[PDB]
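Have a look at run-v5.txt; it's compact mmCIF, N, CA, C and O atoms:
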```
# COMPACT_ATOMS: atom_id res chain seq x y z
N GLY M 1 16.45 -21.73 13.11
CA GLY M 1 17.56 -22.49 13.67
C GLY M 1 18.83 -21.67 13.77
O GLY M 1 19.77 -21.88 13.00
N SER M 2 18.86 -20.73 14.71
CA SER M 2 20.02 -19.87 14.90
C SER M 2 20.30 -19.05 13.65
O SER M 2 21.45 -18.89 13.23
N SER M 3 19.24 -18.52 13.04
CA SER M 3 19.37 -17.72 11.83
C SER M 3 19.41 -16.23 12.17
O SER M 3 19.21 -15.84 13.32
N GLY M 4 19.69 -15.41 11.17
CA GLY M 4 19.76 -13.97 11.38
C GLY M 4 20.81 -13.31 10.50
O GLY M 4 21.97 -13.22 10.88
N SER M 5 20.38 -12.84 9.33
CA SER M 5 21.29 -12.18 8.40
C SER M 5 20.56 -11.14 7.57
O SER M 5 19.69 -11.48 6.75
N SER M 6 20.90 -9.87 7.77
CA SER M 6 20.27 -8.78 7.04
C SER M 6 20.27 -9.06 5.54
O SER M 6 21.27 -9.50 4.98
N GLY M 7 19.14 -8.79 4.90
CA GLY M 7 19.03 -9.01 3.47
C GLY M 7 17.93 -8.19 2.83
O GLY M 7 16.75 -8.44 3.08
N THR M 8 18.31 -7.22 2.02
CA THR M 8 17.34 -6.36 1.35
C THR M 8 16.07 -7.13 0.99
O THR M 8 16.13 -8.16 0.32
N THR M 9 14.93 -6.63 1.44
CA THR M 9 13.65 -7.27 1.17
C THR M 9 12.89 -6.54 0.07
O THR M 9 13.22 -5.40 -0.27
N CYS M 10 11.87 -7.19 -0.48
CA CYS M 10 11.06 -6.61 -1.54
C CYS M 10 10.25 -5.43 -1.01
O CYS M 10 9.23 -5.61 -0.35
N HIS M 11 10.71 -4.22 -1.31
CA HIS M 11 10.03 -3.01 -0.86
C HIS M 11 8.51 -3.18 -0.95
O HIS M 11 7.99 -3.63 -1.97
N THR M 12 7.82 -2.82 0.12
CA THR M 12 6.37 -2.93 0.17
C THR M 12 5.74 -1.72 0.85
O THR M 12 6.29 -1.19 1.83
N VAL M 13 4.60 -1.28 0.34
CA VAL M 13 3.89 -0.14 0.91
C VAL M 13 2.51 -0.53 1.42
O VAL M 13 1.89 -1.46 0.90
N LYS M 14 2.03 0.18 2.43
CA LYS M 14 0.72 -0.09 3.01
C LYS M 14 -0.19 1.12 2.88
O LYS M 14 0.23 2.26 3.09
N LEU M 15 -1.45 0.87 2.54
CA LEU M 15 -2.43 1.95 2.39
C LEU M 15 -3.67 1.68 3.24
O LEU M 15 -4.26 0.60 3.17
N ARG M 16 -4.05 2.67 4.03
CA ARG M 16 -5.22 2.54 4.90
C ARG M 16 -6.13 3.77 4.77
O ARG M 16 -5.71 4.81 4.27
N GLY M 17 -7.37 3.63 5.23
CA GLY M 17 -8.31 4.73 5.15
C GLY M 17 -9.12 4.71 3.87
O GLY M 17 -9.56 5.76 3.40
N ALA M 18 -9.32 3.52 3.32
CA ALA M 18 -10.09 3.37 2.09
C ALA M 18 -11.53 2.96 2.38
O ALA M 18 -11.81 2.26 3.35
N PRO M 19 -12.46 3.40 1.52
CA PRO M 19 -13.88 3.09 1.67
C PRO M 19 -14.19 1.62 1.40
O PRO M 19 -13.28 0.79 1.35
N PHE M 20 -15.47 1.31 1.22
CA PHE M 20 -15.89 -0.06 0.95
C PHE M 20 -15.99 -0.32 -0.55
O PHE M 20 -16.08 -1.46 -0.99
N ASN M 21 -15.97 0.76 -1.33
CA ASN M 21 -16.05 0.65 -2.78
C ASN M 21 -14.69 0.84 -3.42
O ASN M 21 -14.58 1.28 -4.57
N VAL M 22 -13.64 0.50 -2.68
CA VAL M 22 -12.27 0.63 -3.18
C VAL M 22 -11.81 -0.65 -3.87
O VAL M 22 -12.13 -1.75 -3.43
N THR M 23 -11.07 -0.49 -4.96
CA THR M 23 -10.57 -1.63 -5.71
C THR M 23 -9.13 -1.40 -6.16
O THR M 23 -8.53 -0.36 -5.87
N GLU M 24 -8.57 -2.37 -6.88
CA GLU M 24 -7.20 -2.28 -7.37
C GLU M 24 -7.01 -1.01 -8.19
O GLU M 24 -5.95 -0.39 -8.15
N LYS M 25 -8.04 -0.62 -8.94
CA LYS M 25 -7.98 0.57 -9.77
C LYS M 25 -7.68 1.81 -8.92
O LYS M 25 -6.68 2.49 -9.14
N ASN M 26 -8.55 2.08 -7.95
CA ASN M 26 -8.37 3.23 -7.08
C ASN M 26 -6.93 3.32 -6.58
O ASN M 26 -6.31 4.38 -6.62
N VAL M 27 -6.40 2.20 -6.11
CA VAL M 27 -5.04 2.14 -5.60
C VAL M 27 -4.04 2.58 -6.67
O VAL M 27 -3.12 3.35 -6.40
N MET M 28 -4.23 2.07 -7.88
CA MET M 28 -3.34 2.40 -8.99
C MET M 28 -3.33 3.90 -9.25
O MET M 28 -2.27 4.52 -9.31
N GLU M 29 -4.52 4.49 -9.39
CA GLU M 29 -4.64 5.92 -9.63
C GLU M 29 -4.11 6.72 -8.45
O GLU M 29 -3.63 7.84 -8.61
N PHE M 30 -4.21 6.14 -7.26
CA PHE M 30 -3.74 6.80 -6.04
C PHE M 30 -2.22 6.77 -5.95
O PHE M 30 -1.59 7.75 -5.57
N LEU M 31 -1.64 5.63 -6.31
CA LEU M 31 -0.19 5.46 -6.27
C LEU M 31 0.46 6.05 -7.52
O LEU M 31 1.62 6.45 -7.49
N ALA M 32 -0.30 6.11 -8.60
CA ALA M 32 0.20 6.66 -9.86
C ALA M 32 0.93 7.98 -9.63
O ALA M 32 0.84 8.59 -8.56
N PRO M 33 1.67 8.44 -10.65
CA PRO M 33 1.78 7.72 -11.93
C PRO M 33 2.57 6.43 -11.80
O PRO M 33 2.70 5.67 -12.76
N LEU M 34 3.10 6.18 -10.61
CA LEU M 34 3.88 4.97 -10.35
C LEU M 34 3.11 3.72 -10.77
O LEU M 34 1.88 3.73 -10.82
N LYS M 35 3.84 2.65 -11.05
CA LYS M 35 3.22 1.39 -11.45
C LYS M 35 3.78 0.23 -10.65
O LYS M 35 4.89 -0.26 -10.89
N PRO M 36 3.00 -0.24 -9.66
CA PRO M 36 3.40 -1.36 -8.80
C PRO M 36 3.42 -2.69 -9.54
O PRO M 36 3.14 -2.74 -10.74
N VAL M 37 3.76 -3.76 -8.83
CA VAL M 37 3.81 -5.09 -9.42
C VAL M 37 2.56 -5.89 -9.09
O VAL M 37 2.04 -6.62 -9.93
N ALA M 38 2.09 -5.75 -7.85
CA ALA M 38 0.90 -6.46 -7.41
C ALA M 38 0.23 -5.74 -6.24
O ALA M 38 0.88 -5.38 -5.26
N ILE M 39 -1.08 -5.52 -6.36
CA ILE M 39 -1.83 -4.84 -5.32
C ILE M 39 -2.70 -5.82 -4.53
O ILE M 39 -3.78 -6.21 -4.98
N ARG M 40 -2.21 -6.22 -3.36
CA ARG M 40 -2.94 -7.16 -2.51
C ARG M 40 -3.79 -6.41 -1.49
O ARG M 40 -3.27 -5.67 -0.66
N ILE M 41 -5.10 -6.62 -1.56
CA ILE M 41 -6.03 -5.97 -0.64
C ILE M 41 -6.20 -6.78 0.63
O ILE M 41 -6.56 -7.96 0.59
N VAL M 42 -5.95 -6.15 1.78
CA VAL M 42 -6.08 -6.82 3.06
C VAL M 42 -7.52 -7.21 3.34
O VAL M 42 -8.37 -6.35 3.59
N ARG M 43 -7.80 -8.50 3.30
CA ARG M 43 -9.15 -9.00 3.54
C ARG M 43 -9.28 -9.53 4.96
O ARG M 43 -8.81 -10.62 5.28
N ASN M 44 -9.93 -8.75 5.82
CA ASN M 44 -10.12 -9.14 7.22
C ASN M 44 -10.63 -10.57 7.31
O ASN M 44 -10.94 -11.20 6.30
N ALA M 45 -10.71 -11.08 8.54
CA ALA M 45 -11.19 -12.44 8.77
C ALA M 45 -12.47 -12.72 7.99
O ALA M 45 -12.54 -13.66 7.20
N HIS M 46 -13.48 -11.89 8.23
CA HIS M 46 -14.77 -12.05 7.55
C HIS M 46 -14.76 -11.33 6.20
O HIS M 46 -15.75 -10.74 5.79
N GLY M 47 -13.62 -11.40 5.51
CA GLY M 47 -13.51 -10.76 4.21
C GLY M 47 -14.09 -9.36 4.21
O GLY M 47 -15.26 -9.16 3.89
N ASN M 48 -13.26 -8.37 4.56
CA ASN M 48 -13.70 -6.98 4.60
C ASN M 48 -12.51 -6.04 4.50
O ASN M 48 -11.51 -6.21 5.19
N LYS M 49 -12.63 -5.03 3.63
CA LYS M 49 -11.56 -4.06 3.44
C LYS M 49 -11.52 -3.07 4.60
O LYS M 49 -12.24 -2.07 4.62
N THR M 50 -10.66 -3.35 5.58
CA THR M 50 -10.52 -2.49 6.75
C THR M 50 -9.33 -1.55 6.60
O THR M 50 -8.29 -1.75 7.24
N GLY M 51 -9.47 -0.54 5.75
CA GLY M 51 -8.40 0.41 5.54
C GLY M 51 -7.03 -0.24 5.58
O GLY M 51 -6.27 -0.03 6.52
N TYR M 52 -6.73 -1.04 4.56
CA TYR M 52 -5.44 -1.73 4.49
C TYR M 52 -5.25 -2.37 3.12
O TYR M 52 -6.06 -3.20 2.69
N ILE M 53 -4.17 -1.99 2.44
CA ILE M 53 -3.87 -2.53 1.12
C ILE M 53 -2.37 -2.67 0.91
O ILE M 53 -1.64 -1.67 0.92
N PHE M 54 -1.91 -3.90 0.73
CA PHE M 54 -0.49 -4.17 0.52
C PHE M 54 -0.13 -4.06 -0.96
O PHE M 54 -0.69 -4.78 -1.80
N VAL M 55 0.80 -3.17 -1.28
CA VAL M 55 1.24 -2.97 -2.65
C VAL M 55 2.75 -3.15 -2.78
O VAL M 55 3.51 -2.59 -2.00
N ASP M 56 3.16 -3.92 -3.77
CA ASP M 56 4.58 -4.17 -4.01
C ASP M 56 5.06 -3.44 -5.26
O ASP M 56 4.26 -3.05 -6.11
N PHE M 57 6.37 -3.26 -5.37
CA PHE M 57 6.96 -2.58 -6.51
C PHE M 57 8.22 -3.29 -6.98
O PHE M 57 8.74 -4.17 -6.30
N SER M 58 8.71 -2.90 -8.16
CA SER M 58 9.91 -3.50 -8.72
C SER M 58 11.17 -2.83 -8.18
O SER M 58 11.99 -3.46 -7.52
N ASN M 59 11.31 -1.53 -8.46
CA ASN M 59 12.47 -0.77 -8.00
C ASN M 59 12.12 0.03 -6.75
O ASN M 59 10.98 0.45 -6.56
N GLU M 60 13.12 0.26 -5.90
CA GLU M 60 12.92 1.01 -4.67
C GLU M 60 12.32 2.38 -4.97
O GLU M 60 11.38 2.82 -4.29
N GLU M 61 12.86 3.06 -5.98
CA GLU M 61 12.37 4.38 -6.36
C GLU M 61 10.85 4.44 -6.29
O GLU M 61 10.29 5.19 -5.49
N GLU M 62 10.19 3.65 -7.13
CA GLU M 62 8.73 3.61 -7.16
C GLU M 62 8.16 3.70 -5.75
O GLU M 62 7.22 4.46 -5.49
N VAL M 63 8.72 2.91 -4.84
CA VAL M 63 8.26 2.89 -3.45
C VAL M 63 8.57 4.21 -2.76
O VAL M 63 7.69 4.84 -2.16
N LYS M 64 9.83 4.63 -2.83
CA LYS M 64 10.26 5.88 -2.21
C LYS M 64 9.34 7.03 -2.61
O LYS M 64 9.01 7.89 -1.79
N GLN M 65 8.93 7.05 -3.88
CA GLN M 65 8.05 8.09 -4.38
C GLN M 65 6.63 7.90 -3.87
O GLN M 65 5.88 8.86 -3.70
N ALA M 66 6.25 6.64 -3.64
CA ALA M 66 4.92 6.32 -3.15
C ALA M 66 4.63 7.06 -1.84
O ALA M 66 3.49 7.47 -1.59
N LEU M 67 5.65 7.22 -1.01
CA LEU M 67 5.50 7.90 0.27
C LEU M 67 5.16 9.37 0.06
O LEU M 67 4.39 9.96 0.83
N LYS M 68 5.73 9.97 -0.98
CA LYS M 68 5.49 11.37 -1.29
C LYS M 68 4.00 11.69 -1.21
O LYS M 68 3.59 12.66 -0.56
N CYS M 69 3.19 10.88 -1.88
CA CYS M 69 1.74 11.08 -1.89
C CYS M 69 1.15 10.79 -0.52
O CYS M 69 0.48 9.77 -0.32
N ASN M 70 1.40 11.68 0.44
CA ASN M 70 0.89 11.51 1.79
C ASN M 70 -0.24 12.50 2.07
O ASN M 70 -0.36 13.53 1.41
N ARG M 71 -1.06 12.19 3.07
CA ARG M 71 -2.18 13.05 3.44
C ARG M 71 -3.07 13.34 2.23
O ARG M 71 -3.44 14.48 1.99
N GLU M 72 -3.40 12.29 1.48
CA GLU M 72 -4.24 12.43 0.30
C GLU M 72 -5.69 12.07 0.62
O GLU M 72 -6.00 11.61 1.72
N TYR M 73 -6.57 12.28 -0.35
CA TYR M 73 -7.99 11.98 -0.18
C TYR M 73 -8.57 11.35 -1.44
O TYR M 73 -8.62 11.98 -2.49
N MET M 74 -9.01 10.10 -1.32
CA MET M 74 -9.59 9.38 -2.44
C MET M 74 -10.76 8.52 -1.99
O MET M 74 -10.75 7.98 -0.88
N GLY M 75 -11.76 8.38 -2.86
CA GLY M 75 -12.92 7.58 -2.52
C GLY M 75 -13.88 8.30 -1.60
O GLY M 75 -15.09 8.31 -1.83
N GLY M 76 -13.34 8.90 -0.54
CA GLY M 76 -14.17 9.62 0.41
C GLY M 76 -13.70 9.44 1.84
O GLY M 76 -14.51 9.38 2.76
N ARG M 77 -12.39 9.34 2.02
CA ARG M 77 -11.81 9.16 3.35
C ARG M 77 -10.32 9.47 3.34
O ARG M 77 -9.67 9.39 2.30
N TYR M 78 -9.79 9.82 4.51
CA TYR M 78 -8.37 10.14 4.63
C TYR M 78 -7.51 8.89 4.49
O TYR M 78 -7.80 7.86 5.09
N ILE M 79 -6.46 8.99 3.68
CA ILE M 79 -5.56 7.87 3.46
C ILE M 79 -4.19 8.13 4.07
O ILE M 79 -3.70 9.26 4.05
N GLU M 80 -3.57 7.09 4.60
CA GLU M 80 -2.25 7.21 5.21
C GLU M 80 -1.31 6.13 4.69
O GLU M 80 -1.50 4.94 4.95
N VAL M 81 -0.28 6.55 3.95
CA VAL M 81 0.69 5.62 3.39
C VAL M 81 1.84 5.37 4.37
O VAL M 81 2.29 6.29 5.06
N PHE M 82 2.31 4.13 4.42
CA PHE M 82 3.40 3.76 5.31
C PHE M 82 4.34 2.76 4.64
O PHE M 82 3.89 1.87 3.91
N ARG M 83 5.63 2.92 4.88
CA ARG M 83 6.63 2.04 4.29
C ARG M 83 6.86 0.81 5.18
O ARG M 83 7.34 0.93 6.30
N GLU M 84 6.50 -0.36 4.66
CA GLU M 84 6.67 -1.60 5.41
C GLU M 84 8.10 -2.10 5.32
O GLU M 84 8.50 -2.71 4.32
N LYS M 85 8.88 -1.85 6.37
CA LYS M 85 10.27 -2.28 6.41
C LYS M 85 10.40 -3.76 6.06
O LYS M 85 11.17 -4.14 5.18
N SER M 86 9.64 -4.59 6.77
CA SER M 86 9.67 -6.03 6.54
C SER M 86 9.49 -6.35 5.06
O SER M 86 10.34 -6.99 4.44
N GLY M 87 8.37 -5.89 4.49
CA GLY M 87 8.10 -6.14 3.09
C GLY M 87 6.93 -7.08 2.88
O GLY M 87 5.77 -6.67 2.89
N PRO M 88 7.23 -8.37 2.70
CA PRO M 88 6.21 -9.40 2.48
C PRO M 88 5.39 -9.67 3.74
O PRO M 88 5.91 -9.62 4.85
N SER M 89 4.11 -9.96 3.55
CA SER M 89 3.21 -10.24 4.67
C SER M 89 2.43 -11.53 4.43
O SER M 89 2.37 -12.40 5.31
N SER M 90 1.85 -11.66 3.25
CA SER M 90 1.07 -12.84 2.90
C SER M 90 1.92 -14.10 2.99
O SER M 90 2.84 -14.29 2.19
N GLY M 91 1.62 -14.95 3.96
CA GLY M 91 2.37 -16.18 4.14
C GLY M 91 3.78 -15.93 4.63
O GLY M 91 4.00 -15.11 5.52
```
Let me see whether you can do it: turn the structure in this file into structure tokens.
Amino acid sequence: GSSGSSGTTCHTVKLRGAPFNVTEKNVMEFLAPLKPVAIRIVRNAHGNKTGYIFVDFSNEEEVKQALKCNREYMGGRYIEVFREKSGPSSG
């Protein structure tokens, strides 16, 4: 209703290029030593991990550092980290 006001959002990071045997653990060790708040795995329509994992953090730093770990390899596939400007996605 005629809204629109900039407001710092909850920093969020996205991870893609993960195998089928990927879990919250892998993400933790991948994002480590950083420690996120909640690791939400993108479950496609038919429930399937299609190279996509939403991870949130407490302080911006943790996130800013998360980007550092770019062009990495875990599980058995190339991973690409991206900073989600918006932030929240679920709902």
8 Å contact set for residue 60 in chain M, all atoms listed in the file, chain neighbours under 3 positions out, as a PDB file with N, CA, C and O atoms, in the coordinates of the input:
```pdb
ATOM      1  N   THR M   9      14.930  -6.630   1.440  1.00  0.00           N
ATOM      2  CA  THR M   9      13.650  -7.270   1.170  1.00  0.00           C
ATOM      3  C   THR M   9      12.890  -6.540   0.070  1.00  0.00           C
ATOM      4  O   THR M   9      13.220  -5.400  -0.270  1.00  0.00           O
ATOM      5  N   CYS M  10      11.870  -7.190  -0.480  1.00  0.00           N
ATOM      6  CA  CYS M  10      11.060  -6.610  -1.540  1.00  0.00           C
ATOM      7  C   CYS M  10      10.250  -5.430  -1.010  1.00  0.00           C
ATOM      8  O   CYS M  10       9.230  -5.610  -0.350  1.00  0.00           O
ATOM      9  N   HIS M  11      10.710  -4.220  -1.310  1.00  0.00           N
ATOM     10  CA  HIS M  11      10.030  -3.010  -0.860  1.00  0.00           C
ATOM     11  C   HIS M  11       8.510  -3.180  -0.950  1.00  0.00           C
ATOM     12  O   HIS M  11       7.990  -3.630  -1.970  1.00  0.00           O
ATOM     13  N   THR M  12       7.820  -2.820   0.120  1.00  0.00           N
ATOM     14  CA  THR M  12       6.370  -2.930   0.170  1.00  0.00           C
ATOM     15  C   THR M  12       5.740  -1.720   0.850  1.00  0.00           C
ATOM     16  O   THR M  12       6.290  -1.190   1.830  1.00  0.00           O
ATOM     17  N   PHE M  57       6.370  -3.260  -5.370  1.00  0.00           N
ATOM     18  CA  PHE M  57       6.960  -2.580  -6.510  1.00  0.00           C
ATOM     19  C   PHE M  57       8.220  -3.290  -6.980  1.00  0.00           C
ATOM     20  O   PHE M  57       8.740  -4.170  -6.300  1.00  0.00           O
ATOM     21  N   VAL M  63       8.720   2.910  -4.840  1.00  0.00           N
ATOM     22  CA  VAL M  63       8.260   2.890  -3.450  1.00  0.00           C
ATOM     23  C   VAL M  63       8.570   4.210  -2.760  1.00  0.00           C
ATOM     24  O   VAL M  63       7.690   4.840  -2.160  1.00  0.00           O
ATOM     25  N   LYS M  64       9.830   4.630  -2.830  1.00  0.00           N
ATOM     26  CA  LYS M  64      10.260   5.880  -2.210  1.00  0.00           C
ATOM     27  C   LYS M  64       9.340   7.030  -2.610  1.00  0.00           C
ATOM     28  O   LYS M  64       9.010   7.890  -1.790  1.00  0.00           O
ATOM     29  N   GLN M  65       8.930   7.050  -3.880  1.00  0.00           N
ATOM     30  CA  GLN M  65       8.050   8.090  -4.380  1.00  0.00           C
ATOM     31  C   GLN M  65       6.630   7.900  -3.870  1.00  0.00           C
ATOM     32  O   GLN M  65       5.880   8.860  -3.700  1.00  0.00           O
ATOM     33  N   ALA M  66       6.250   6.640  -3.640  1.00  0.00           N
ATOM     34  CA  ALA M  66       4.920   6.320  -3.150  1.00  0.00           C
ATOM     35  C   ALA M  66       4.630   7.060  -1.840  1.00  0.00           C
ATOM     36  O   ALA M  66       3.490   7.470  -1.590  1.00  0.00           O
ATOM     37  N   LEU M  67       5.650   7.220  -1.010  1.00  0.00           N
ATOM     38  CA  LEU M  67       5.500   7.900   0.270  1.00  0.00           C
ATOM     39  C   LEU M  67       5.160   9.370   0.060  1.00  0.00           C
ATOM     40  O   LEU M  67       4.390   9.960   0.830  1.00  0.00           O
TER      41      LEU M  67
END
```
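Minimum distance to residue 83 in chain M across M:13, M:53, M:45, M:31 (counting all atoms listed in the file) occurs at M:13.
Between residue 81 in chain M and the candidates M:37, M:15, M:28, M:55, the tightest atom-to-atom separation, counting only N, CA, C and O atoms, involves M:15.
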Would you mind listing what lies within 8 Å of range 71-76 of chain M as a PDB file with N, CA, C and O atoms, in the coordinates of the input, with only N, CA, C and O atoms counted and same-chain residues fewer than 6 positions away left out?
```pdb
ATOM      1  N   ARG M  16      -4.050   2.670   4.030  1.00  0.00           N
ATOM      2  CA  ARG M  16      -5.220   2.540   4.900  1.00  0.00           C
ATOM      3  C   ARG M  16      -6.130   3.770   4.770  1.00  0.00           C
ATOM      4  O   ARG M  16      -5.710   4.810   4.270  1.00  0.00           O
ATOM      5  N   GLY M  17      -7.370   3.630   5.230  1.00  0.00           N
ATOM      6  CA  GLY M  17      -8.310   4.730   5.150  1.00  0.00           C
ATOM      7  C   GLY M  17      -9.120   4.710   3.870  1.00  0.00           C
ATOM      8  O   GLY M  17      -9.560   5.760   3.400  1.00  0.00           O
ATOM      9  N   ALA M  18      -9.320   3.520   3.320  1.00  0.00           N
ATOM     10  CA  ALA M  18     -10.090   3.370   2.090  1.00  0.00           C
ATOM     11  C   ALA M  18     -11.530   2.960   2.380  1.00  0.00           C
ATOM     12  O   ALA M  18     -11.810   2.260   3.350  1.00  0.00           O
ATOM     13  N   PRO M  19     -12.460   3.400   1.520  1.00  0.00           N
ATOM     14  CA  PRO M  19     -13.880   3.090   1.670  1.00  0.00           C
ATOM     15  C   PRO M  19     -14.190   1.620   1.400  1.00  0.00           C
ATOM     16  O   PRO M  19     -13.280   0.790   1.350  1.00  0.00           O
ATOM     17  N   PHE M  20     -15.470   1.310   1.220  1.00  0.00           N
ATOM     18  CA  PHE M  20     -15.890  -0.060   0.950  1.00  0.00           C
ATOM     19  C   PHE M  20     -15.990  -0.320  -0.550  1.00  0.00           C
ATOM     20  O   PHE M  20     -16.080  -1.460  -0.990  1.00  0.00           O
ATOM     21  N   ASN M  21     -15.970   0.760  -1.330  1.00  0.00           N
ATOM     22  CA  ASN M  21     -16.050   0.650  -2.780  1.00  0.00           C
ATOM     23  C   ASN M  21     -14.690   0.840  -3.420  1.00  0.00           C
ATOM     24  O   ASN M  21     -14.580   1.280  -4.570  1.00  0.00           O
ATOM     25  N   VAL M  22     -13.640   0.500  -2.680  1.00  0.00           N
ATOM     26  CA  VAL M  22     -12.270   0.630  -3.180  1.00  0.00           C
ATOM     27  C   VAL M  22     -11.810  -0.650  -3.870  1.00  0.00           C
ATOM     28  O   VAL M  22     -12.130  -1.750  -3.430  1.00  0.00           O
ATOM     29  N   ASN M  26      -8.550   2.080  -7.950  1.00  0.00           N
ATOM     30  CA  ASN M  26      -8.370   3.230  -7.080  1.00  0.00           C
ATOM     31  C   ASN M  26      -6.930   3.320  -6.580  1.00  0.00           C
ATOM     32  O   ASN M  26      -6.310   4.380  -6.620  1.00  0.00           O
ATOM     33  N   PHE M  30      -4.210   6.140  -7.260  1.00  0.00           N
ATOM     34  CA  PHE M  30      -3.740   6.800  -6.040  1.00  0.00           C
ATOM     35  C   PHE M  30      -2.220   6.770  -5.950  1.00  0.00           C
ATOM     36  O   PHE M  30      -1.590   7.750  -5.570  1.00  0.00           O
TER      37      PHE M  30
END
```
Computed interatomic separation between atom O of residue 1 in chain M and atom O of residue 89 in chain M (Å): 21.3 Å
Among the residues of chain M, find those DSSP assigns to strand (DSSP E) from the backbone and print them as a ChimeraX atom specification. /M:12-16,38-43,49-56,72-74,77-84
Requested write-out: N, CA, C and O atoms of the selected residues, as a compact mmCIF listing (two decimals), in the frame of the given file:
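Saved file part.txt follows:
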```txt
# COMPACT_ATOMS: atom_id res chain seq x y z
N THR M 12 7.82 -2.82 0.12
CA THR M 12 6.37 -2.93 0.17
C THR M 12 5.74 -1.72 0.85
O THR M 12 6.29 -1.19 1.83
N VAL M 13 4.60 -1.28 0.34
CA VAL M 13 3.89 -0.14 0.91
C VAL M 13 2.51 -0.53 1.42
O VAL M 13 1.89 -1.46 0.90
N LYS M 14 2.03 0.18 2.43
CA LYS M 14 0.72 -0.09 3.01
C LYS M 14 -0.19 1.12 2.88
O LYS M 14 0.23 2.26 3.09
N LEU M 15 -1.45 0.87 2.54
CA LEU M 15 -2.43 1.95 2.39
C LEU M 15 -3.67 1.68 3.24
O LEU M 15 -4.26 0.60 3.17
N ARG M 16 -4.05 2.67 4.03
CA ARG M 16 -5.22 2.54 4.90
C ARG M 16 -6.13 3.77 4.77
O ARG M 16 -5.71 4.81 4.27
N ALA M 38 2.09 -5.75 -7.85
CA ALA M 38 0.90 -6.46 -7.41
C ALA M 38 0.23 -5.74 -6.24
O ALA M 38 0.88 -5.38 -5.26
N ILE M 39 -1.08 -5.52 -6.36
CA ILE M 39 -1.83 -4.84 -5.32
C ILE M 39 -2.70 -5.82 -4.53
O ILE M 39 -3.78 -6.21 -4.98
N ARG M 40 -2.21 -6.22 -3.36
CA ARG M 40 -2.94 -7.16 -2.51
C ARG M 40 -3.79 -6.41 -1.49
O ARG M 40 -3.27 -5.67 -0.66
N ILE M 41 -5.10 -6.62 -1.56
CA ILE M 41 -6.03 -5.97 -0.64
C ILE M 41 -6.20 -6.78 0.63
O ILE M 41 -6.56 -7.96 0.59
N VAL M 42 -5.95 -6.15 1.78
CA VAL M 42 -6.08 -6.82 3.06
C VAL M 42 -7.52 -7.21 3.34
O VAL M 42 -8.37 -6.35 3.59
N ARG M 43 -7.80 -8.50 3.30
CA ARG M 43 -9.15 -9.00 3.54
C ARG M 43 -9.28 -9.53 4.96
O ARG M 43 -8.81 -10.62 5.28
N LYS M 49 -12.63 -5.03 3.63
CA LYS M 49 -11.56 -4.06 3.44
C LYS M 49 -11.52 -3.07 4.60
O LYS M 49 -12.24 -2.07 4.62
N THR M 50 -10.66 -3.35 5.58
CA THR M 50 -10.52 -2.49 6.75
C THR M 50 -9.33 -1.55 6.60
O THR M 50 -8.29 -1.75 7.24
N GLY M 51 -9.47 -0.54 5.75
CA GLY M 51 -8.40 0.41 5.54
C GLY M 51 -7.03 -0.24 5.58
O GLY M 51 -6.27 -0.03 6.52
N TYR M 52 -6.73 -1.04 4.56
CA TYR M 52 -5.44 -1.73 4.49
C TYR M 52 -5.25 -2.37 3.12
O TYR M 52 -6.06 -3.20 2.69
N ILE M 53 -4.17 -1.99 2.44
CA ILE M 53 -3.87 -2.53 1.12
C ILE M 53 -2.37 -2.67 0.91
O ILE M 53 -1.64 -1.67 0.92
N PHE M 54 -1.91 -3.90 0.73
CA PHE M 54 -0.49 -4.17 0.52
C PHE M 54 -0.13 -4.06 -0.96
O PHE M 54 -0.69 -4.78 -1.80
N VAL M 55 0.80 -3.17 -1.28
CA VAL M 55 1.24 -2.97 -2.65
C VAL M 55 2.75 -3.15 -2.78
O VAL M 55 3.51 -2.59 -2.00
N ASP M 56 3.16 -3.92 -3.77
CA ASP M 56 4.58 -4.17 -4.01
C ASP M 56 5.06 -3.44 -5.26
O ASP M 56 4.26 -3.05 -6.11
N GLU M 72 -3.40 12.29 1.48
CA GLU M 72 -4.24 12.43 0.30
C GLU M 72 -5.69 12.07 0.62
O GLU M 72 -6.00 11.61 1.72
N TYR M 73 -6.57 12.28 -0.35
CA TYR M 73 -7.99 11.98 -0.18
C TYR M 73 -8.57 11.35 -1.44
O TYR M 73 -8.62 11.98 -2.49
N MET M 74 -9.01 10.10 -1.32
CA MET M 74 -9.59 9.38 -2.44
C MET M 74 -10.76 8.52 -1.99
O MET M 74 -10.75 7.98 -0.88
N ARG M 77 -12.39 9.34 2.02
CA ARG M 77 -11.81 9.16 3.35
C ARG M 77 -10.32 9.47 3.34
O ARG M 77 -9.67 9.39 2.30
N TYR M 78 -9.79 9.82 4.51
CA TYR M 78 -8.37 10.14 4.63
C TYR M 78 -7.51 8.89 4.49
O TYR M 78 -7.80 7.86 5.09
N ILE M 79 -6.46 8.99 3.68
CA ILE M 79 -5.56 7.87 3.46
C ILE M 79 -4.19 8.13 4.07
O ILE M 79 -3.70 9.26 4.05
N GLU M 80 -3.57 7.09 4.60
CA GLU M 80 -2.25 7.21 5.21
C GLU M 80 -1.31 6.13 4.69
O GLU M 80 -1.50 4.94 4.95
N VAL M 81 -0.28 6.55 3.95
CA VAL M 81 0.69 5.62 3.39
C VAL M 81 1.84 5.37 4.37
O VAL M 81 2.29 6.29 5.06
N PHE M 82 2.31 4.13 4.42
CA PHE M 82 3.40 3.76 5.31
C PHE M 82 4.34 2.76 4.64
O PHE M 82 3.89 1.87 3.91
N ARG M 83 5.63 2.92 4.88
CA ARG M 83 6.63 2.04 4.29
C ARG M 83 6.86 0.81 5.18
O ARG M 83 7.34 0.93 6.30
N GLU M 84 6.50 -0.36 4.66
CA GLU M 84 6.67 -1.60 5.41
C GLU M 84 8.10 -2.10 5.32
O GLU M 84 8.50 -2.71 4.32
```
In terms of the shortest atom-to-atom distance over only N, CA, C and O atoms, which of M:49, M:58, M:2, M:78 is closest to residue 36 in chain M? M:58
Which is closest to residue 39 in chain M among M:86, M:23, M:59, M:6, if we use only N, CA, C and O atoms? M:23
Mind pulling up the distance from CA of residue 40 in chain M to atom C of residue 82 in chain M?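 Interatomic distance, atom C of residue 82 in chain M to CA of residue 40 in chain M: 14.2 Å.
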